[PDB]
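S.K.: One structure, as structure tokens, below. Some questions next.
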Amino acid sequence: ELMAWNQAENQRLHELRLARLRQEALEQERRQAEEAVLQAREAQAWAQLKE
Amino acid sequence: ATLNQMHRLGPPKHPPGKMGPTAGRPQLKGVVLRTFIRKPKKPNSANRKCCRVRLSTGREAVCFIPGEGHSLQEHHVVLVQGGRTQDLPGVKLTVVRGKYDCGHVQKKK
Amino acid sequence: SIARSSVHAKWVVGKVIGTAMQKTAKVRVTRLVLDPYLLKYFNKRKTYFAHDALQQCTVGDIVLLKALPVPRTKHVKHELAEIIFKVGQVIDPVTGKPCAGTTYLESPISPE
Amino acid sequence: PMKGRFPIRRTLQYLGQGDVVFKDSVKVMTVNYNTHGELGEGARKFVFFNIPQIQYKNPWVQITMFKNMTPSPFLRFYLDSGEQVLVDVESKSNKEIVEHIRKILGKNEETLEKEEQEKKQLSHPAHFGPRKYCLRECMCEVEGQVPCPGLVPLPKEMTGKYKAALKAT
Amino acid sequence: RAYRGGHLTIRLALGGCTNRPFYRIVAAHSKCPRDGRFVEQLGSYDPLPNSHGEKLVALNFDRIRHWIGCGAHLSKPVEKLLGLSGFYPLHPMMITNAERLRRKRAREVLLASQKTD
Amino acid sequence: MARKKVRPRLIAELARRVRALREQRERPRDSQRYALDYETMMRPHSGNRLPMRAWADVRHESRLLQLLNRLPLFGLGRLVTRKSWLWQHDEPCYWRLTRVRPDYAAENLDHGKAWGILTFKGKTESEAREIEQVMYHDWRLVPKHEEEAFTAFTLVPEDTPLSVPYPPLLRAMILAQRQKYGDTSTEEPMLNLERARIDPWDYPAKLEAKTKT
RNA sequence: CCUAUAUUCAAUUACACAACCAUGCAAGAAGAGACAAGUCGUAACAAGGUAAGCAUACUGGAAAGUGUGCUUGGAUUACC
RNA sequence: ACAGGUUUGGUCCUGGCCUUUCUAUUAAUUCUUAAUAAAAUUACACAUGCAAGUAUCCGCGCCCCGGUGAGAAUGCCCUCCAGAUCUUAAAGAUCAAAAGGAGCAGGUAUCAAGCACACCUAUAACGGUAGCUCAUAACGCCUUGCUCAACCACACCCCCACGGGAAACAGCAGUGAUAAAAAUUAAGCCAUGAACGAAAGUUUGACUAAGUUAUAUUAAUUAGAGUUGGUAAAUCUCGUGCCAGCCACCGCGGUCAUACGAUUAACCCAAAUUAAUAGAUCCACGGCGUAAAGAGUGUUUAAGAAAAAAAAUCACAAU
Ligand SMILES: [Mg+2]
Ligand SMILES: [Mg+2]
Ligand SMILES: [Mg+2]
Ligand SMILES: [Mg+2]
Ligand SMILES: [Mg+2]
Ligand SMILES: [Mg+2]
Ligand SMILES: [Mg+2]
Ligand SMILES: [Mg+2]
Ligand SMILES: [Mg+2]
Ligand SMILES: [Mg+2]
Ligand SMILES: [Mg+2]
Ligand SMILES: [Mg+2]
Ligand SMILES: [Mg+2]
Ligand SMILES: [Mg+2]
Ligand SMILES: [Mg+2]
Ligand SMILES: [Mg+2]
Ligand SMILES: [Mg+2]
Ligand SMILES: [Mg+2]
Ligand SMILES: [Mg+2]
Ligand SMILES: [Mg+2]
Ligand SMILES: [Mg+2]
Ligand SMILES: [Mg+2]
Ligand SMILES: [Mg+2]
Ligand SMILES: [Mg+2]
Ligand SMILES: [Mg+2]
Ligand SMILES: [Mg+2]
Ligand SMILES: [Mg+2]
Ligand SMILES: [Mg+2]
Ligand SMILES: [Mg+2]
Ligand SMILES: [Mg+2]
Ligand SMILES: [Mg+2]
Ligand SMILES: [Mg+2]
Ligand SMILES: [Mg+2]
Ligand SMILES: [Mg+2]
Ligand SMILES: [Mg+2]
Ligand SMILES: [Mg+2]
Ligand SMILES: [Mg+2]
Ligand SMILES: [Mg+2]
Ligand SMILES: [Mg+2]
Ligand SMILES: [Mg+2]
Ligand SMILES: [Mg+2]
Ligand SMILES: [Mg+2]
Ligand SMILES: [Mg+2]
Ligand SMILES: [Zn+2]
């Protein structure tokens, strides 16, 4: 009874976690947009100087 | 120290008592080799009657004779005990008055 | 139904110290022991030889030992049951996914 | 005890008062936790506060910690059958972990009280012997009986000396 | 300690102080010392009559018959005690000594009325 | 027990072996062993003296192989009885000899180990066995004609009551114990003596080592 | 070996071994301590009369002296 | 520890030594009687007596009890039990050798390496890998019974006991020697225990009841010991003159000594009282600029901490 109870509990937590990680993935892509912007700007500035 | 260091040394252990002149026994029996006299140390002076004894442990040692006056010759057996005499440097033993060949001090007559 | 070992150690879990002998893993097991003066817990370590049939064991792997019913030698009283954490290749028991340290090597939310 | 961060947890009392007692199926408990992250927090406090309590009451159970192996905190329990209990402790509090473990493999308060009842029927009140094991030594010390002659010297007649000197004459 | 042989037994340990005896009824190995190590304490017997003129005997009956049931052996005086209690039939020797005692009382009665003459 | 430095005691083994060997090799012939000095009543071998009550029976009576040496086949199938039995038990008690294995170191050939099948107080045991207390002098041989007079047995039943009262307190304990569980029956508790049967001390014990089952 | 048993044996050989220890005694040797109301100086303490000292080197009845680096556990009294 | 004395011209700090408590042995001085408890220098050598028999012959018992602490870091606690024994058909049960190990377990690291101390194969051998223990103390050396309803060990010596030294009290009493250390060459098996006996019973220096001893308690019939400078309760008059002597520590004695020696008075314990020696107790969960102590420097190993928030990077005389 108790081992089954524990099992169902771990599964509960597993679903919670999957939700949290999907969320984190989204927030992370947002970060990738920001960083891609900044790195593009500085790539340009560098290219200009060297040219 | 830290908790690790205290774990690593164990708790402090009381060192065993180092053993003295009577070798941990209350008395010793010994024969008189010589009777002589020793001056005390500097601040305070007299001349103190001592003897040299050989002890049942075979070790030979200077020993001191309490009371005023005494009769002790070579070959007398005495019984010695542990009190150290403060004036005399080096003299850690004391004759027991009233046993074997050292008699109790005779009241003035 | 009699198969037993007189050992207290019926199941242990420990690190693999060295593999140098044929088919035998050296395994450091560690327990918590309460230092009586400080009332604190420290790790006492002890080694066990374990029998490895397929010589499966790298050094550093966390491993589980079962007590052998009949001692293989004077020093070998255990057989290696499972490999709990392969060294530096670890599959998270929670989410079943490859991970290096605290990072996921393959994300559990990307099934397809 | 002065040194340390939470000195009260090095006290015999604190160690005693923790309540978890594993079933006898439990051999090994393995903790896996992280040194960082907010989520991991609870697990850490568990290792800091309760692991000492737990261990103290289950002195025969190997407890073993591992740091920063998996991205997530968990316990694993190894039983005698070969069965393996896996307990995910994630955003769970210190307290919640102790309670959940006590629930899965604990011992019911019933069980514990039966056990201690079997241990308290071990020293029987009516026996006689050394102070260590018994309430009384001689029966010299029970009220109505005959007193230890080391206290109240016997009437000359009960003395064996007197009996012998009587039979002689 | 390890012995060669010998059996489990129910006997009397003698505790007490000079002239004031006391007994601990005991299940012990046979070959071990009287007052020494034992397997289990069973009862106590206090020979000296108390304030109320009673000799107190205590018997843990349950455990006694547990051990008899494992084939422990009884001492003659423990036998006499159980018998007195009524947990065993009278020991034949109790009966016989009783009879002898009666005949002594008889011969002293006659000797008394013979000397009075 | 095991301490890592433990020494290998060799001579412990040597003395065991050697003692067992010198035991088997010097193992005494029972001819000299039970040999007896009839004047002093003292064994030469053991230096032991015989109990006061056995003296007369030692002077006046004969040990088994003393009556078996003058028998033709060395007495097989013959019936043998013991003086003690004849005095105590009026019902027949005899040994029927299966094997006899004398000891020949003896000049007069008076000693040896025997076997057979036993009848005690008329009851017969169904197996062969090694006879006990051969060396004793109680032994007597029954003649061929009287054989069927001794083997003659009047079979009588046993009158000892199969059951007896429990002892007074124990009876009370049982009574009260069954009142407690709601058993109302006032039928007296009885102690069953069927398996309490024991042979009188005269009955000879088997010298044969027991097979453990 | 028509019931069945009896009896025998189990000791050597090859080497190494007072080194190595401990415990006494010893021709002798060296140190420390206690030690004159003793002899020779004055090294230190005050810029102790050449500030002290450290490491190291060499030298000298004796404290100690000098070199080379280093320290202040010395001063330079402070609009000088 | 509820602390106290003692470093200095003085104060504070640090730091030892000692006092005050409790027990045991021995000694000195004193000692009236009971009871109870306990009895102890010696693994040196032992005169004499006794300590194991029972029983209709076989058998069964015969370091079991009792003795001792020599050896060994032995070992505590705990697994697992072959065997013996009892009972009974078996099953049980008591004692548990050998083998083991979760943990705990004397000092010494100026003992730092040990030197074959591991594993496989499989058939039990051939053969093959080259390991194993150890700074979380291996391997050594020293000291030692114990964690006590008890346990461990020994049983003249050579760990052992075939052999060999050689002729055995570490059973009860005794005795030589030896030591500061001093119980009866005693009475009973009447009770418990043990052995044997079918049994009445016999045996048992186990033990029971006694003998001896201020060793300890208690009870009363018993008064003596120590001390009186401070710590620390309590002193007066003589004698002595840095002498004679005294003290646990500080110290006392140089002609007006409460400190020596004796007297007077007192104090304090009391059938005891002091001294000597061993214990019990006692060190640091405290410290490291100047007092004992931050190791001349950095890196890694082992081992640990991560416990919440971030960082790696630009004038000048590194090498
Ligand atoms: Mg002076
Ligand atoms: Mg003195
Ligand atoms: Mg005298
Ligand atoms: Mg007593
Ligand atoms: Mg005999
Ligand atoms: Mg100078
Ligand atoms: Mg100047
Ligand atoms: Mg100068
Ligand atoms: Mg000058
Ligand atoms: Mg100068
Ligand atoms: Mg200067
Ligand atoms: Mg210099
Ligand atoms: Mg010069
Ligand atoms: Mg010059
Ligand atoms: Mg100035
Ligand atoms: Mg000073
Ligand atoms: Mg001063
Ligand atoms: Mg102080
Ligand atoms: Mg004395
Ligand atoms: Mg003993
Ligand atoms: Mg040794
Ligand atoms: Mg068994
Ligand atoms: Mg065992
Ligand atoms: Mg010793
Ligand atoms: Mg020996
Ligand atoms: Mg001897
Ligand atoms: Mg021996
Ligand atoms: Mg003796
Ligand atoms: Mg003996
Ligand atoms: Mg003598
Ligand atoms: Mg004494
Ligand atoms: Mg005397
Ligand atoms: Mg008796
Ligand atoms: Mg008797
Ligand atoms: Mg006697
Ligand atoms: Mg004085
Ligand atoms: Mg004067
Ligand atoms: Mg004074
Ligand atoms: Mg005076
Ligand atoms: Mg006294
Ligand atoms: Mg310093
Ligand atoms: Mg520095
Ligand atoms: Mg240096
Ligand atoms: Zn009493």
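Here's how to read the names in the structure tokens: chain A, B, ... by the order shown, residue numbers from 1 in each chain, ligand numbers from 1 in the order shown.
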Go through chain D and flag each residue having an atom no more than 12 Å from chain E; for those, report the closest pair of atoms plus their distance in Å to one decimal, using only C-alpha atoms, ordered by chain and rising number, as JSON lines.

M.R.:
```
{"residue": "D:122", "atom": "CA", "partner": "E:40", "partner_atom": "CA", "distance": 11.1}
{"residue": "D:123", "atom": "CA", "partner": "E:41", "partner_atom": "CA", "distance": 10.8}
{"residue": "D:124", "atom": "CA", "partner": "E:41", "partner_atom": "CA", "distance": 9.6}
{"residue": "D:125", "atom": "CA", "partner": "E:43", "partner_atom": "CA", "distance": 11.4}
{"residue": "D:126", "atom": "CA", "partner": "E:43", "partner_atom": "CA", "distance": 8.1}
{"residue": "D:127", "atom": "CA", "partner": "E:41", "partner_atom": "CA", "distance": 7.1}
{"residue": "D:128", "atom": "CA", "partner": "E:24", "partner_atom": "CA", "distance": 7.3}
{"residue": "D:129", "atom": "CA", "partner": "E:24", "partner_atom": "CA", "distance": 8.9}
{"residue": "D:130", "atom": "CA", "partner": "E:15", "partner_atom": "CA", "distance": 11.3}
{"residue": "D:133", "atom": "CA", "partner": "E:41", "partner_atom": "CA", "distance": 11.6}
{"residue": "D:134", "atom": "CA", "partner": "E:41", "partner_atom": "CA", "distance": 11.3}
{"residue": "D:137", "atom": "CA", "partner": "E:15", "partner_atom": "CA", "distance": 8.9}
{"residue": "D:138", "atom": "CA", "partner": "E:16", "partner_atom": "CA", "distance": 6.3}
{"residue": "D:139", "atom": "CA", "partner": "E:22", "partner_atom": "CA", "distance": 7.0}
{"residue": "D:140", "atom": "CA", "partner": "E:16", "partner_atom": "CA", "distance": 8.0}
{"residue": "D:141", "atom": "CA", "partner": "E:16", "partner_atom": "CA", "distance": 11.2}
{"residue": "D:142", "atom": "CA", "partner": "E:50", "partner_atom": "CA", "distance": 10.2}
{"residue": "D:143", "atom": "CA", "partner": "E:51", "partner_atom": "CA", "distance": 9.1}
{"residue": "D:144", "atom": "CA", "partner": "E:51", "partner_atom": "CA", "distance": 5.4}
{"residue": "D:145", "atom": "CA", "partner": "E:50", "partner_atom": "CA", "distance": 4.7}
{"residue": "D:146", "atom": "CA", "partner": "E:50", "partner_atom": "CA", "distance": 6.1}
{"residue": "D:147", "atom": "CA", "partner": "E:20", "partner_atom": "CA", "distance": 8.1}
{"residue": "D:148", "atom": "CA", "partner": "E:17", "partner_atom": "CA", "distance": 6.9}
{"residue": "D:149", "atom": "CA", "partner": "E:20", "partner_atom": "CA", "distance": 7.2}
{"residue": "D:150", "atom": "CA", "partner": "E:17", "partner_atom": "CA", "distance": 8.0}
{"residue": "D:151", "atom": "CA", "partner": "E:17", "partner_atom": "CA", "distance": 10.9}
{"residue": "D:152", "atom": "CA", "partner": "E:20", "partner_atom": "CA", "distance": 11.3}
{"residue": "D:153", "atom": "CA", "partner": "E:19", "partner_atom": "CA", "distance": 10.1}
{"residue": "D:154", "atom": "CA", "partner": "E:19", "partner_atom": "CA", "distance": 8.3}
{"residue": "D:155", "atom": "CA", "partner": "E:19", "partner_atom": "CA", "distance": 10.7}
{"residue": "D:156", "atom": "CA", "partner": "E:19", "partner_atom": "CA", "distance": 10.8}
{"residue": "D:157", "atom": "CA", "partner": "E:19", "partner_atom": "CA", "distance": 10.7}
{"residue": "D:158", "atom": "CA", "partner": "E:19", "partner_atom": "CA", "distance": 7.3}
{"residue": "D:159", "atom": "CA", "partner": "E:19", "partner_atom": "CA", "distance": 6.2}
{"residue": "D:160", "atom": "CA", "partner": "E:19", "partner_atom": "CA", "distance": 6.7}
{"residue": "D:161", "atom": "CA", "partner": "E:19", "partner_atom": "CA", "distance": 9.5}
{"residue": "D:162", "atom": "CA", "partner": "E:19", "partner_atom": "CA", "distance": 11.3}
{"residue": "D:163", "atom": "CA", "partner": "E:19", "partner_atom": "CA", "distance": 11.3}
```

S.K.: Take the residues from that selection and put them in a file with N, CA, C and O atoms, as a compact mmCIF listing (two decimals), in the first residue's frame.

M.R.:
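Contents of part.txt, as written:
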```txt
# COMPACT_ATOMS: atom_id res chain seq x y z
N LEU D 122 10.99 -7.26 31.33
CA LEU D 122 12.25 -7.99 31.41
C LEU D 122 12.81 -7.97 32.83
O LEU D 122 13.37 -8.96 33.30
N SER D 123 12.67 -6.84 33.52
CA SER D 123 13.13 -6.75 34.90
C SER D 123 11.95 -6.86 35.86
O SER D 123 11.18 -5.92 36.07
N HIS D 124 11.86 -8.03 36.47
CA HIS D 124 10.71 -8.42 37.27
C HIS D 124 10.86 -7.88 38.69
O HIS D 124 11.95 -7.90 39.26
N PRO D 125 9.76 -7.38 39.27
CA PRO D 125 9.78 -6.70 40.57
C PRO D 125 10.09 -7.60 41.74
O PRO D 125 10.65 -7.14 42.73
N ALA D 126 9.73 -8.87 41.64
CA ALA D 126 9.81 -9.75 42.80
C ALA D 126 11.15 -10.47 42.94
O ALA D 126 11.30 -11.31 43.83
N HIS D 127 12.10 -10.18 42.06
CA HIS D 127 13.40 -10.84 42.15
C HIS D 127 14.33 -10.21 43.16
O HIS D 127 14.05 -9.14 43.70
N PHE D 128 15.47 -10.85 43.40
CA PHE D 128 16.43 -10.40 44.39
C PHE D 128 17.82 -10.46 43.81
O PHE D 128 18.13 -11.35 43.02
N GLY D 129 18.66 -9.51 44.17
CA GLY D 129 19.99 -9.50 43.60
C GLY D 129 20.69 -8.17 43.69
O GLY D 129 20.38 -7.36 44.55
N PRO D 130 21.67 -7.96 42.80
CA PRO D 130 22.50 -6.75 42.72
C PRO D 130 21.68 -5.52 42.34
O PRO D 130 20.77 -5.64 41.52
N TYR D 133 20.44 -4.89 38.71
CA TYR D 133 19.29 -5.57 38.13
C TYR D 133 18.02 -5.67 38.98
O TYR D 133 16.97 -6.01 38.44
N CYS D 134 18.07 -5.36 40.27
CA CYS D 134 16.89 -5.62 41.13
C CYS D 134 16.57 -4.53 42.14
O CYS D 134 17.43 -3.72 42.51
N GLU D 137 18.09 -6.56 47.60
CA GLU D 137 19.16 -7.53 47.58
C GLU D 137 18.88 -8.71 48.49
O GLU D 137 18.51 -9.78 48.01
N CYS D 138 19.05 -8.54 49.80
CA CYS D 138 18.66 -9.60 50.74
C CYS D 138 17.13 -9.52 50.76
O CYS D 138 16.53 -8.67 50.10
N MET D 139 16.49 -10.41 51.50
CA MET D 139 15.10 -10.21 51.91
C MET D 139 15.16 -9.62 53.30
O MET D 139 14.15 -9.43 53.96
N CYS D 140 16.39 -9.39 53.73
CA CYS D 140 16.68 -8.78 55.00
C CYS D 140 15.95 -7.43 55.04
O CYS D 140 15.60 -6.94 56.11
N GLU D 141 15.73 -6.85 53.85
CA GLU D 141 15.15 -5.51 53.71
C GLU D 141 13.65 -5.41 53.41
O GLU D 141 13.16 -4.32 53.11
N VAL D 142 12.93 -6.51 53.42
CA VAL D 142 11.47 -6.43 53.33
C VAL D 142 10.87 -6.32 54.75
O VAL D 142 11.34 -6.97 55.67
N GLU D 143 9.85 -5.49 54.91
CA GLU D 143 9.45 -5.00 56.23
C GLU D 143 9.22 -6.05 57.33
O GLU D 143 9.83 -5.96 58.38
N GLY D 144 8.35 -7.02 57.10
CA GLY D 144 7.99 -7.93 58.17
C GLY D 144 9.03 -8.98 58.51
O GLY D 144 8.99 -9.59 59.58
N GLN D 145 9.98 -9.19 57.60
CA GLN D 145 10.95 -10.27 57.71
C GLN D 145 12.02 -10.05 58.77
O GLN D 145 12.01 -9.05 59.49
N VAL D 146 12.94 -11.00 58.87
CA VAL D 146 14.07 -10.91 59.78
C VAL D 146 15.18 -10.05 59.20
O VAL D 146 15.65 -10.29 58.08
N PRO D 147 15.62 -9.04 59.96
CA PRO D 147 16.59 -8.01 59.55
C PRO D 147 18.05 -8.48 59.47
O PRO D 147 18.46 -9.33 60.26
N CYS D 148 18.81 -7.88 58.56
CA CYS D 148 20.24 -8.17 58.38
C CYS D 148 20.97 -7.96 59.69
O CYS D 148 21.01 -6.85 60.21
N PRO D 149 21.55 -9.03 60.23
CA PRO D 149 22.23 -8.98 61.53
C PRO D 149 23.38 -7.97 61.53
O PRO D 149 23.83 -7.58 62.61
N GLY D 150 23.81 -7.54 60.35
CA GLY D 150 24.73 -6.42 60.25
C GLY D 150 24.10 -5.09 60.68
O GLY D 150 24.77 -4.06 60.75
N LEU D 151 22.80 -5.12 60.96
CA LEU D 151 22.09 -3.96 61.48
C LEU D 151 21.64 -4.21 62.90
O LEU D 151 22.04 -3.52 63.84
N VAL D 152 20.79 -5.23 63.06
CA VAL D 152 20.15 -5.53 64.33
C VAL D 152 20.57 -6.92 64.78
O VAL D 152 19.99 -7.92 64.35
N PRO D 153 21.60 -6.98 65.63
CA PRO D 153 22.23 -8.22 66.10
C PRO D 153 21.19 -9.21 66.61
O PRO D 153 20.22 -8.80 67.24
N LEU D 154 21.40 -10.48 66.31
CA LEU D 154 20.36 -11.47 66.55
C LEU D 154 20.21 -11.82 68.03
O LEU D 154 21.16 -11.70 68.80
N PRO D 155 19.00 -12.25 68.42
CA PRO D 155 18.78 -12.86 69.74
C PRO D 155 19.69 -14.08 69.92
O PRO D 155 19.71 -14.93 69.02
N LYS D 156 20.39 -14.18 71.05
CA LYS D 156 21.46 -15.18 71.26
C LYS D 156 21.05 -16.59 70.85
O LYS D 156 21.89 -17.36 70.41
N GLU D 157 19.78 -16.91 70.99
CA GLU D 157 19.29 -18.23 70.65
C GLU D 157 19.39 -18.60 69.17
O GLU D 157 19.64 -19.75 68.84
N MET D 158 19.19 -17.63 68.28
CA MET D 158 19.22 -17.91 66.83
C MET D 158 20.65 -18.01 66.30
O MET D 158 20.88 -18.51 65.20
N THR D 159 21.59 -17.52 67.09
CA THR D 159 23.01 -17.64 66.80
C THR D 159 23.41 -19.11 66.77
O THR D 159 22.99 -19.90 67.61
N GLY D 160 24.23 -19.49 65.80
CA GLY D 160 24.73 -20.85 65.71
C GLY D 160 25.74 -21.15 66.80
O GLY D 160 25.91 -22.30 67.21
N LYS D 161 26.42 -20.10 67.27
CA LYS D 161 27.38 -20.23 68.35
C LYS D 161 26.71 -20.79 69.59
O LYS D 161 27.20 -21.73 70.22
N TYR D 162 25.56 -20.21 69.92
CA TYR D 162 24.83 -20.62 71.11
C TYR D 162 24.29 -22.03 70.98
O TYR D 162 24.34 -22.81 71.93
N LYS D 163 23.77 -22.37 69.80
CA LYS D 163 23.25 -23.70 69.56
C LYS D 163 24.35 -24.74 69.74
O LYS D 163 24.15 -25.78 70.39
```

S.K.: Can you tell me, as a ChimeraX atom specification, what residues are no more than 12 Å from residue 67 of chain F when counting only C-alpha atoms (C1' of nucleotides), ignoring any on the same chain fewer than 2 positions away?

M.R.: /F:61-65,69-72,74-75,78-82,102,108-112,134-135,137-143

S.K.: Please find the residues contacting ligand 8 at a distance of at most 7 Å between atoms, with only C-alpha atoms (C1' of nucleotides) and all ligand atoms counted, and report them as number ranges by chain.

M.R.: G: 42-44, 48

S.K.: Skip segment 299-311 of chain H itself and residues of its chain fewer than 2 positions away, then list as a ChimeraX atom specification all residues within 10 Å of it, counting only C-alpha atoms (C1' of nucleotides).

M.R.: /B:4 /D:34-36,38,41,44-45,48,67 /H:136

S.K.: Ligand 21: which residues are within 10 Å, counting only C-alpha atoms (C1' of nucleotides) and all ligand atoms? Reply as number ranges by chain.

M.R.: H: 71-74, 141-144

S.K.: May I have the selected residues written with N, CA, C and O atoms (P, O5', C5', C4', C3', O3' and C1' of nucleotides), as a PDB file, in the first residue's frame?

M.R.:
```pdb
ATOM      1  P     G H  71      53.296 -11.401  33.301  1.00  0.00           P
ATOM      2  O5'   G H  71      52.778 -12.079  31.952  1.00  0.00           O
ATOM      3  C5'   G H  71      53.579 -13.022  31.248  1.00  0.00           C
ATOM      4  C4'   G H  71      52.764 -13.817  30.255  1.00  0.00           C
ATOM      5  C3'   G H  71      52.183 -13.032  29.085  1.00  0.00           C
ATOM      6  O3'   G H  71      53.122 -12.952  28.021  1.00  0.00           O
ATOM      7  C1'   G H  71      50.508 -14.420  30.050  1.00  0.00           C
ATOM      8  P     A H  72      53.309 -11.615  27.149  1.00  0.00           P
ATOM      9  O5'   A H  72      51.903 -11.454  26.413  1.00  0.00           O
ATOM     10  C5'   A H  72      51.499 -12.366  25.397  1.00  0.00           C
ATOM     11  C4'   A H  72      50.059 -12.139  25.002  1.00  0.00           C
ATOM     12  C3'   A H  72      49.690 -10.705  24.633  1.00  0.00           C
ATOM     13  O3'   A H  72      49.961 -10.434  23.261  1.00  0.00           O
ATOM     14  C1'   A H  72      48.097 -11.584  26.165  1.00  0.00           C
ATOM     15  P     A H  73      50.569  -9.028  22.778  1.00  0.00           P
ATOM     16  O5'   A H  73      49.342  -8.327  22.049  1.00  0.00           O
ATOM     17  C5'   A H  73      48.952  -7.002  22.387  1.00  0.00           C
ATOM     18  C4'   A H  73      47.487  -6.921  22.741  1.00  0.00           C
ATOM     19  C3'   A H  73      46.665  -5.932  21.913  1.00  0.00           C
ATOM     20  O3'   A H  73      45.334  -6.436  21.777  1.00  0.00           O
ATOM     21  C1'   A H  73      46.548  -5.333  24.184  1.00  0.00           C
ATOM     22  P     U H  74      44.885  -7.245  20.457  1.00  0.00           P
ATOM     23  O5'   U H  74      44.608  -8.724  20.976  1.00  0.00           O
ATOM     24  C5'   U H  74      43.526  -8.992  21.853  1.00  0.00           C
ATOM     25  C4'   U H  74      44.018  -9.566  23.152  1.00  0.00           C
ATOM     26  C3'   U H  74      43.000 -10.293  24.002  1.00  0.00           C
ATOM     27  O3'   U H  74      42.769 -11.606  23.520  1.00  0.00           O
ATOM     28  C1'   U H  74      44.506  -8.989  25.343  1.00  0.00           C
ATOM     29  P     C H 141      57.853  -6.220  18.753  1.00  0.00           P
ATOM     30  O5'   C H 141      58.242  -5.141  19.862  1.00  0.00           O
ATOM     31  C5'   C H 141      59.535  -4.554  19.898  1.00  0.00           C
ATOM     32  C4'   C H 141      59.526  -3.249  20.656  1.00  0.00           C
ATOM     33  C3'   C H 141      58.911  -3.290  22.046  1.00  0.00           C
ATOM     34  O3'   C H 141      59.776  -3.811  23.040  1.00  0.00           O
ATOM     35  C1'   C H 141      58.033  -1.447  20.873  1.00  0.00           C
ATOM     36  P     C H 142      59.185  -4.822  24.142  1.00  0.00           P
ATOM     37  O5'   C H 142      58.431  -3.863  25.188  1.00  0.00           O
ATOM     38  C5'   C H 142      59.178  -2.985  26.029  1.00  0.00           C
ATOM     39  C4'   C H 142      58.363  -1.830  26.580  1.00  0.00           C
ATOM     40  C3'   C H 142      57.318  -2.168  27.635  1.00  0.00           C
ATOM     41  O3'   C H 142      57.862  -2.384  28.924  1.00  0.00           O
ATOM     42  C1'   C H 142      56.369  -0.707  26.053  1.00  0.00           C
ATOM     43  P     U H 143      57.406  -3.674  29.767  1.00  0.00           P
ATOM     44  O5'   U H 143      56.007  -3.229  30.383  1.00  0.00           O
ATOM     45  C5'   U H 143      55.940  -2.061  31.182  1.00  0.00           C
ATOM     46  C4'   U H 143      54.531  -1.560  31.337  1.00  0.00           C
ATOM     47  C3'   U H 143      53.508  -2.567  31.826  1.00  0.00           C
ATOM     48  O3'   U H 143      53.579  -2.827  33.221  1.00  0.00           O
ATOM     49  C1'   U H 143      52.608  -1.404  29.998  1.00  0.00           C
ATOM     50  P     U H 144      53.314  -4.316  33.774  1.00  0.00           P
ATOM     51  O5'   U H 144      51.776  -4.563  33.454  1.00  0.00           O
ATOM     52  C5'   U H 144      50.803  -3.691  33.999  1.00  0.00           C
ATOM     53  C4'   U H 144      49.452  -3.891  33.369  1.00  0.00           C
ATOM     54  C3'   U H 144      48.819  -5.249  33.557  1.00  0.00           C
ATOM     55  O3'   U H 144      48.309  -5.425  34.870  1.00  0.00           O
ATOM     56  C1'   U H 144      48.436  -4.456  31.356  1.00  0.00           C
TER      57        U H 144
END
```

S.K.: Just want the residues within 12 Å of ligand 32, written as a list in words, counting only C-alpha atoms (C1' of nucleotides) and all ligand atoms.

M.R.: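 The distance check yields residues 181, 182, 183, 212 and 213 of chain H.
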
S.K.: Show me, as a list in words, the residues that have an atom within 12 Å of segment 55-59 of chain B when counting only C-alpha atoms (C1' of nucleotides), minus same-chain residues fewer than 3 positions from it.

M.R.: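 The filter keeps residues 21, 22, 23, 24, 25, 27, 28, 29, 30, 31, 32, 33, 52, 62, 63, 77, 78, 79, 80, 81, 93 and 95 of chain B; 178, 179 and 180 of chain H.
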
S.K.: Around ligand 23, at most 8 Å away and counting only C-alpha atoms (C1' of nucleotides) and all ligand atoms, which residues are there? Put them as a list in words, please.

M.R.: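 Counting only C-alpha atoms (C1' of nucleotides) and all ligand atoms, the residues within 8 Å of ligand 23 come out as residues 80, 81, 96, 97 and 98 of chain H.
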
S.K.: Report the residues of chain F whose backbone DSSP state falls under helix (DSSP H, G or I), written as an NGL selection string.

M.R.: :F and (11-25 or 30-33 or 52-60 or 64-68 or 83-88 or 147-150 or 168-180 or 193-196)
